[PDB]
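Student: Encoded as structure tokens, here's the structure I'll be asking about.
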Amino acid sequence: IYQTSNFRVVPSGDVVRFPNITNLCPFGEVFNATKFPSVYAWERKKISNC
Amino acid sequence: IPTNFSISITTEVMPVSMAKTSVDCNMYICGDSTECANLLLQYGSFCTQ
């Protein structure tokens, strides 16, 4: 018996994980709110960087 | 001159073998990096020795 080289198992797949929310968008706060303006006096939003 | 006898038994511990160790220098040094192994190959065949 003569030692010749070393064997290695080449990885086939790949696993990448990410955190839960990472500053989730406040869409949920605007969707299910408590006060909603009328149709003639509707108010928009400026949701950005979410 | 002795007049009787005394059959005694003694012990003696002597090592005859040790731990058969085997260290893979390809995994000890440069575990999974490719450029690390490329630079290690420049130093010669020390791992084979």
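Here chain A follows Swiss-Prot for its numbers: 299-348, in order, are the residues you see.
Per deposition record, electron microscopy, 2.9 Å.
Backbone N, Cα and C define each Cβ position, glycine as well.
As listed in Swiss-Prot for this protein:
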| type | residues | note |
| --- | --- | --- |
| DISULFID | A:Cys323-A:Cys348 | disulfide bond |
| CARBOHYD | A:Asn318 | N-linked glycosylation site |
| CARBOHYD | A:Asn330 | N-linked glycosylation site |
Student: Could you give the Cα-Cα distance between A:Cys348 (disulfide bond) and A:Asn318 (N-linked glycosylation site), in whole Å?
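Tutor: The Cα atom of A:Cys348 (disulfide bond) is 14 Å away from the Cα atom of A:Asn318 (N-linked glycosylation site).
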Student: Would you count the other CB atoms within 10 A of the CB of A:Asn318 (N-linked glycosylation site), including those on all shown protein chains?
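Tutor: So the Cβ neighbour count for A:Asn318 (N-linked glycosylation site) comes to 5.
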Student: Neighbour count first, Cβ atoms within 10 Å, every protein chain included; then name which of A:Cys323, A:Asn330, A:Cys348 tops the list of recorded positions.
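Tutor: Output for this query is A:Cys323.
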Student: What's the CA to CA span in angstrom from A:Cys323 (disulfide bond) over to A:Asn330 (N-linked glycosylation site)?
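Tutor: Their Cα atoms are separated by 13 Å.
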